[PDB]
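# Residue-level structure breakdown
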Amino acid sequence: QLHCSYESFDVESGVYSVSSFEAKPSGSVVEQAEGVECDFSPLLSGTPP
Amino acid sequence: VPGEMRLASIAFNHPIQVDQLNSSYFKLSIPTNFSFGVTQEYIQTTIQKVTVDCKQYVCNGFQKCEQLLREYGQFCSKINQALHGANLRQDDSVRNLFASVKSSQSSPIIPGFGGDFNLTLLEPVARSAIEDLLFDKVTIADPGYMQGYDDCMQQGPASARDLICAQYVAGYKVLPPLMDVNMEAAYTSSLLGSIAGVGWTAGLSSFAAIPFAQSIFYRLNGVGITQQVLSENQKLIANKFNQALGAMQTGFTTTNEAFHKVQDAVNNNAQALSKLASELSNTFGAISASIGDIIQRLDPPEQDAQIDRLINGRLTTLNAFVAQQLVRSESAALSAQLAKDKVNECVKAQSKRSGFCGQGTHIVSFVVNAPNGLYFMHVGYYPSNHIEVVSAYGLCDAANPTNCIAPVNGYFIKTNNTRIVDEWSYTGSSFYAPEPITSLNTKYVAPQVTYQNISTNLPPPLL
Amino acid sequence: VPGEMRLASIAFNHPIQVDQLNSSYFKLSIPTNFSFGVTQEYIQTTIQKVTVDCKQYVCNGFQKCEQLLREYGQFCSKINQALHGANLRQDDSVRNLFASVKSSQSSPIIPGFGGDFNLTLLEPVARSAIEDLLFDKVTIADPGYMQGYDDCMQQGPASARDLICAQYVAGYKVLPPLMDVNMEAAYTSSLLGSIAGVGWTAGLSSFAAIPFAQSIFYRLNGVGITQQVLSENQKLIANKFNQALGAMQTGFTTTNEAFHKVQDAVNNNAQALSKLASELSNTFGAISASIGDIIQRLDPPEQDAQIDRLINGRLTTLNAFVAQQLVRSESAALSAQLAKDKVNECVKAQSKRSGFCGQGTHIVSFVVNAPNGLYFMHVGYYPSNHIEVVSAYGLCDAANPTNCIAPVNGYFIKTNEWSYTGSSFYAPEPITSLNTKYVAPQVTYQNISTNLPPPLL
Amino acid sequence: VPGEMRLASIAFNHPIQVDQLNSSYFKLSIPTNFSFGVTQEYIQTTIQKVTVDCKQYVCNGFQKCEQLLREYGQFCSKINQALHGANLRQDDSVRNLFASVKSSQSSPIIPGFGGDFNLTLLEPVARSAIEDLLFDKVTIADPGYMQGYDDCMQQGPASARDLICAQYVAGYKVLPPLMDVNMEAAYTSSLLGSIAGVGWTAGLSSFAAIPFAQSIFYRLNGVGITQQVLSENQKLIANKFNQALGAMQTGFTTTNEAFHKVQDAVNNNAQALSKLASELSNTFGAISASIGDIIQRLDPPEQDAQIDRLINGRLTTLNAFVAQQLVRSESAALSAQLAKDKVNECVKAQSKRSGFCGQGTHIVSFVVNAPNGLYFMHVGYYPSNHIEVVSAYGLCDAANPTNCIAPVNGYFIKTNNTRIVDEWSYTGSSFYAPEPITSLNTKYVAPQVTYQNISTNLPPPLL
């Protein structure tokens, strides 16, 4: 990556920063809930407006 | 309850007036008392060194920016190179400074140094109590490096609010100072070991290695105070000096402008870092500041319209940031050069230039470590209780017009002291101290019409 | 009419050549005449301080802007804070200047001060005759504060075009200077009164209180001119000096570059304000530069879109402007420090450094007030009519080789057998103990077999 | 092949310790050997002056461009004016430098100048061998103006790859330098010829015209070296001096930091050009980077939308470019001021201020022409092999206590030399070299209790 950043096959000696580690992510947990099955029954009969 | 503010004129303090006089004699203002005192200054020498991950700052590993930023990778390289060069420049100034700080030789330093002078500046063998008070008075966030990952992480207090842990979210990196604080303490003690002293000609080869008090007397004779008085008042000198020294414990207040500047230098670094952090939440009209959030709610053909807008503003922020740091880096280098000059002048030697150093003539000055810089202290001499006295341009033999004298580094004044039978007397130029005129304090000069025609007793020359 | 232009080569002013010589003696180039002369410089110490209303700059209080700008209000806070700090720094520098300017003591000053010298620089007991000429030459717009605003309003000339009263449309505020101009003048008068002592040690507490002419002769001895010459030429010196002094009335010309720089500093401030004023009319592709026009011409959804476009360009000009002012402020601060450095050296005492001050060694220098800064003048000393003479490294007694001498502040020259002259000027004199010192012997010292009075033997 | 890197502590080079003695006498550190040595610095004084055609940068005379830039004509004028004023400023600084560089008089210079010193720095009568070595080491592209126009064209080599000829496409213009290099070389030779006078109570009014080595001995007495030693060792001094001089041919490699800085100044000018060149190909999301290509591909209602987008980004690069050049020009002007002050201090005369010049006291220094600036070198005294000796603050002839003396520019040391019968000996402060006590090396002073009590033979004066 350093060679590509300087577009060369001989980067000058030094200490150089390079991109950081992504820190090892793991599987999900949730606090989602609670409720009751939504009732859409007003749509099931009569004439719409 | 307090009342109204009061309109007031700005005072115009006036100089003491002294009448100009014609003919062969003139009034001379001279102080009859003086006091020790100090001044201080802070000169920043460096900018904190930082780098920024140019991928994570914009996008935290999302797969769209893994492709979308590829066409912008050359902007990042320009950003990294500029910052990297700025960091190298800061470390060059450090090495260049220390090359002049070091001495070929120094005295070992022991307790009881300075004799009757207190010298509380001495390290608690250490840095110094004065330096440590400065670091404790500063409101700066808890130090970086260790414990690193574990001071961001839950292995610590819940009350930490350090931007340093936020550097592990944002991908920011703070580089360590080059010099090593322990070596820094050694450099300041090395400077203290060259004290006593600056006199005995250039001093650029040989080292006098003499007691501190003795070097002070040479500095006092360097400003025209006669040694006879100094030998009489030696305890007084130590006491007044220590009073000026004692005032430095009240110097850690906001009315000390140098102290205030140290805090502001710290504040400016914190502000620059926090400015980038605040921009992380700044949408550019994008639906959300989080890339993962907009990915989660958008169809990919329009998803990256939003991502592109977000990318453009984030890159623009980085460009502005680099420019700001480059300017600061250059000003710090220049500021460091000034400090370097003062170390090799104001500290390494007494100077007659005035202007420089504290405003009290110039007598010995000292320097200590400060955050991102150096803090200087200047001992000085303040005249008081000025009186006017009669004085002459010179004295000469009335029996032989080619025989003449004039005072060396002092003045010929009419005698007002009951111990001196002679009509004229010699005084030091920095202080009122009449004394007999002797060959030691005078030199032969070409004759002039304004020199007094002395028809009787002159011991220098007797003839 | 004129003919065709003339191609030419740039002249190279070749230095006078002086040959190095073999053995114990050498050529010495020394002047046989001199003249006083004057040089000048302008050191700026401040940037004019301004602030701007961050709402008025963008809109005239139209309600849509009042709503829309709430999203951008934090930018205005940063704008105001940055400018405010810049303004404080400019006034910090002023306090720091005066800390070095004031003296603990000074002579009273009266008309006719300076004796035989004319001293037209003396205050008209006031500013100074030189400053009066300067301020008349300056092309700056008429001042505000009082009568101020009532010279901006319709009861005033219809022809005013000054940025000074256009600021009440634009919302700019020009801040007053930290110091009253009369106090400033008094400080420079105190500097004139700080002359004598100049020399006689560092002078730091003592105050000699002696005539100006007397202080000059001391300084001329301090640069190697012998006293014998000085007593013979006293009126000549006064005349040449007053010729150099008289030339100051012609210093307010376009060939004086320091003068030109003062005018440019005045116009740098004018340019900064005028740039913002022109941007008030700068349509950014918006339907109009005016908020009221786009409100009256557009459906309210479109009003919001066009007002936002207009606001964005307006904020952008403000941001760039602040950055520009930060750069300027810092350069002035550095320049102000340089003025202080010359005041504590070039003005308060004679200096041997060279480089600094006018390019003619260093003799007394002066400083006066200028817009946003200080204007310095220096009296220079210029050598002329150089001749070459034979000179020797030193002299010894041929019969007593350990008795060796060397000249003090001058040279031993062949007598057109040996004679002493001051380092500053050609003027031979007998060698006497006052003008020489004992030195260790050297192989190049002359072997004198005849007569040396210092030592007699 | 190599193994792993080695971790290391950073060394702290400790100063030679000297014990802090009490009482009337003290240890004195003094060197017993020395070497000449040199330092170098590069101070840039100018940046390249440029102008840019504000129509050509946008397009190659295309008509849509010609009409569409009319609304932006005032930007172009501001661009031209800002750059033009910066160019005038660069030329002002050069003239100011030369005003202080020129001397009213100088010595003629012939081969064999400097006596036994080699002086290979002298022009090959010319510029100088040093300047030509520098110019060969510098990698900068050749300037035009006489002419190289046909080397852009088919009437020159097909292998030319100069960015210097590419300016004809960009509308970029390289301005000629303000002064003829031969006239510049004449100024540097006049600086060599400005040696002697070197002082002698100013020397602004005179020209001593003495041998170069003779002026050096005057300078060596100016740093506390006794003349007795100097007369004995003159050939040795010339040998050490020439060894220091011969080392200058190795100052043309990157371990010389000043040398590296010269190349970086060249690089910075090259960077400014390369950025403009790369931007000519930079589409801003416009359908093509070429105006003619946009024209041949599009219906005019869209054709000018693409062109306008392209124009706006091109104007934006010009704005950024000008701002960058304005900043550099100011820094160059300040850098030039630093150089002229060193010409009137580090070069024109010996100086005692320290800090400045080489780090070894100060003796004669030289300056040569360099690209974009001046290259300085300095020479100085580097003491070594310090020893401690017994020394006294002064001597007071105790059989008659009113006779008190102290050394001038040197010290009184206990005698360790078999040739000298005197109990005390005088030495120069720059080097260890005892001598018999005589009136030339001392001055009468006020009495002090720490001055040694000599009750018998004290010769300066004997009475």
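Residues numbered from 1 in each chain as written, not as in the entry; some residues may be left out. Chains lettered and ligands numbered in written order. Part of a larger assembly, values for the part shown. Heavy atoms only, no water.

For this coordinate set, the PDB header names cryo-EM as the determination method and states a resolution of 4.7 Å.

Contact residues are listed per partner, giving 34 residues for chain B and 31 residues for chain C. Both faces considered, chain B and chain C share a buried interface measuring about 2900 Å² in area, 56% of it formed by carbon and sulfur atoms. On the surface where chain B and chain C come into contact, there are 1 salt bridge. One can count 13 residue pairs in polar contact joining chain B with chain C. Put simply, the parts of the chain that give the side of chain B that touches chain C at least two residues each are β1 (16-17), β2 (25-30) and β12 (410-414) of chain B. Here the side of chain B that touches chain C gets 4 residues from one element, more than from any other, and that element is β2 of chain B. Its residues assigned to classes, the side of chain B that touches chain C shows 17 nonpolar, 13 polar and 4 charged. (Contact = heavy atoms within 4.5 Å. Buried area = accessible area lost by both parts, 1.4 Å probe. Salt bridge = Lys/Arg side-chain N within 4 Å of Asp/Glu carboxyl O. Polar contact = N/O pair within 3.5 Å; in protein donor to acceptor, adjacent residues only side chain to side chain. Helix = DSSP H or I, 4+ residues; strand = E, 2+ residues; numbered from the N terminus. Nonpolar A, V, L, I, M, F, W, Y, C, P; charged D, E, K, R; others polar.)

Turning to a negative patch on the surface, a few remarks are in order. On the surface, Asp142, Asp150, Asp151 and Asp162 of chain C cluster together into a patch of negative charge. Mapped onto the elements, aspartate 150 of chain C comes out in the loop between α3 (129-137) and α4 (163-170). (Patch = residues over 30% accessible without salt bridge, like charges linked within 9 Å, V, L, I, M, F, W, Y side chains within 5 Å. Areas by Shrake-Rupley, 256 points an atom, 1.4 Å probe, with all protein chains shown as cover. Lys, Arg positive; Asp, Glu negative; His and termini not counted. Charge placed at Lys NZ, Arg CZ, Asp CG, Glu CD.)

Considering soluble globular proteins, one finds that nonpolar side chains tend to be buried as a cluster. Core analysis: the largest hydrophobic core is formed by 59 residues, its most contacted members being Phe36, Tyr42, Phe117, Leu121, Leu220, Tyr375 and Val379 of chain C. In contact with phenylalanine 117 of chain C, other than residues within four places in its own chain, are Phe212, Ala213, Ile216, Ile237, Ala238, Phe241 and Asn242 of chain C. Among the nonpolar cores identified, the runner-up in size contains 56 residues, and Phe241, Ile363 and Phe366 of chain B together with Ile30 of chain D belong to it. (Core = buried A, V, L, I, M, F, W, Y, C linked by side-chain atoms within 4.5 Å. Buried < 20%, exposed > 50% of the residue type's maximum accessible area, 1.4 Å probe, protein only.)

What follows is about the packing of aromatic side chains. Counting across every chain of the model gives 44 aromatic pairs over all chains. Judged by centre distance (6.4 Å) and plane angle (40°), the ring pair of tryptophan 200 of chain B and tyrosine 411 of chain D falls under tilted. Linking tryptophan 200 of chain B in the loop between α5 (181-193) and α6 (212-221) with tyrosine 411 of chain D in strand β11 (residues 410-414), this pair reaches from one chain into another. Just as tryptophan 200 of chain B is buried, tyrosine 411 of chain D falls in that class too. Here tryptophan 200 of chain C and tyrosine 218 of chain C contribute two aromatic rings whose centre-to-centre distance is 4.0 Å and whose plane-to-plane angle is 20°, an arrangement assigned as stacked. Linking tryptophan 200 of chain C in the loop between α5 (181-192) and α6 (212-221) with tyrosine 218 of chain C in helix α6, this pair joins segments that are 18 residues apart in sequence. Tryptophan 200 of chain C sits in the partly exposed class, given a relative accessible area of 23%. (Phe/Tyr/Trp six-rings, centres within 6.5 Å; stacked < 30°, edge-to-face > 60°.)

No other pair among the 4 pairs of chains in contact exceeds the contact count of chains B and C. At the C-alpha level, the nearest point of chain A lies 29 Å from chain C, with no contact between them. Considering only C-alpha positions, the minimal separation of the non-contacting chain A and chain D is 13 Å.

With that out of the way, let us pick up the sheet that holds strand β8 (residues 373-384) of chain C. All names here are of chain C. Ordered by their spatial adjacency, 3 strands build an open sheet running β3-β8-β7, and the pairing between neighbours is antiparallel. Both edges of this open sheet fall to β3 (33-44) and β7 (365-370), since each of them pairs with a single strand only. Pairs of neighbouring strands in the sheet enclose a mean axial angle of 25°, with direction left out of account. Two strands pair when backbone bridges link them, and β7 and β8 are joined in this way by 6 bridges, in the antiparallel orientation. Its bridge partner lying in β8, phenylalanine 366 is registered against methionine 377. Each of β3 and β8 touches helix α9 (residues 257-279); the most contacted strand, β3, lies at about 10° to it. On top of the sheet, helix α11 (residues 300-347) reaches β3, β7 and β8; it is set at about 150° to β3, its chief contact. (Pairing = 2+ DSSP bridges. Axes fitted to C-alpha atoms, helices over the stretch in contact; angles between N-to-C directions.)

Turning our eyes to something else, we now look at the interface of chain B and chain D. Counting residues at the interface gives 28 residues for chain B, matched by 31 residues for chain D. Carbon and sulfur atoms supply 58% of the area buried between chain B and chain D, which totals about 2900 Å² over both sides. Counting across the interface, chain B meets chain D through 1 salt bridge. Measuring nitrogen to oxygen at the nearest pair gives 2.8 Å for the salt bridge that ties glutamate 345 of chain B to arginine 353 of chain D. The interface formed by chain B and chain D contains 10 residue pairs in polar contact. Of all the secondary-structure elements, those providing two or more residues to the side of chain B that touches chain D are β5 (105-106), α5 and α11 (300-347) of chain B. Take the side of chain B that touches chain D: its biggest share by element is 4 residues, from α5 of chain B. For the side of chain B that touches chain D, a count of residues per class yields 14 nonpolar, 11 polar and 3 charged. Relative to strand β1 (residues 16-17) of chain D, β5 of chain B is paired through 2 bridges, and the arrangement is parallel. Considered in β1 of chain D, the bridge of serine 106 of chain B is made with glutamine 17 of chain D.

It takes a turn of 120° to lay chain B on chain D, together with a shift of 0.1 Å along the axis; the resulting RMSD is 0.7 Å. What the superposition gives is, in effect, a three-fold axis relating one chain to the other. Residue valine 327 of chain B, judged by its C-alpha, is the member of chain B lying nearest the rotation axis, at 5.5 Å. (Least-squares fit on C-alpha atoms.)

A word on the environment of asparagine 319 of chain B. Residues and elements named next belong to chain B. Locating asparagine 319 in the fold gives a position in helix α11. Given the relative accessible area of 41%, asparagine 319 is considered partly exposed. Once the C-alpha coordinates of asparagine 319 and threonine 450 are considered, the two residues, 131 residues apart in sequence, prove to be 72 Å apart.

All names here are of chain D. Here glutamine 306 lies in helix α11 (residues 300-347). Classification of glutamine 306 by relative accessible area gives buried; the value is 15%. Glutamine 306 has contacts with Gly285, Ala286, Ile287, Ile294 and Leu298, leaving out every residue within four places of it along the chain.

On to helix α9 (residues 257-279) of chain B, then. Residue and element names in this part refer to chain B. Between the first and last C-alpha of α9 there are 32 Å, a value that for 23 residues agrees with the 33 Å anticipated at 1.5 Å per step. Listing the buried residues of α9 in full gives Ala258, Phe259, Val262, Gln263, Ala265, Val266, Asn269, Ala272, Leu273, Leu276 and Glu279. Among the residues of α9, the N-terminal cap falls to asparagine 256, whose side-chain oxygen and the backbone nitrogen of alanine 258 are separated by 3.1 Å. (Expected span 1.5 Å × (residues − 1).)

Let's shift gears to a nonpolar patch on the surface. A cluster of nonpolar side chains, namely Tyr149, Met153 and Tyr168 of chain D, defines an oily patch on the protein surface of about 310 Å² accessible area. With respect to the element layout, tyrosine 149 of chain D can be found in the loop between α3 (129-137) and α4 (163-170).

What follows deals with the side chain of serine 391 of chain D. Residues and elements named next belong to chain D. Along the chain, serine 391 falls in strand β9 (residues 387-392). Assessed through its relative accessible area of 0%, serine 391 is described here as buried. Within the structure, the side chain of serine 391 is placed 2.7 Å from the backbone oxygen of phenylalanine 412, a separation counted as a polar contact. Beyond its immediate chain neighbours, meaning those up to four positions away, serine 391 contacts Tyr25, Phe26, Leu28, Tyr411, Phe412, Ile413 and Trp424.

Our focus in this paragraph is the sheet that holds strand β9 (residues 387-392) of chain B. All names here are of chain B. Taken in spatial order, the 4 strands line up as β2-β9-β12-β13 in an open sheet, and their pairing is antiparallel. With one partner strand each, in any of the chains shown, β2 and β13 (424-428) form the two edges of the open sheet. Neighbour-to-neighbour, the strand axes of the sheet open up by a mean angle of 55°, direction not taken into account. Relative to β9, β2 runs antiparallel, the two being bridged by 6 bridges. Its bridge partner lying in β9, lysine 27 is registered against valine 390.

Residues and elements named next belong to chain D. With 5 of 5 residues buried, strand β12 (residues 424-428) lies mostly within the body of the structure. Judged by which residues are buried, β12 turns out to be covered on both faces: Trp424, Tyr426 and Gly428 on one side and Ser425 and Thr427 on the other are all buried. By the bridge criterion, 5 bridges tie β11 to β12 in an arrangement that is antiparallel. The residue of β12 that forms the bridge with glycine 410 is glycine 428. For β12 and strand β13 (residues 434-435), the ladder comprises 2 bridges, and the chain directions are antiparallel. Residue pairing across strands places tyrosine 426 opposite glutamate 435, the latter belonging to β13.

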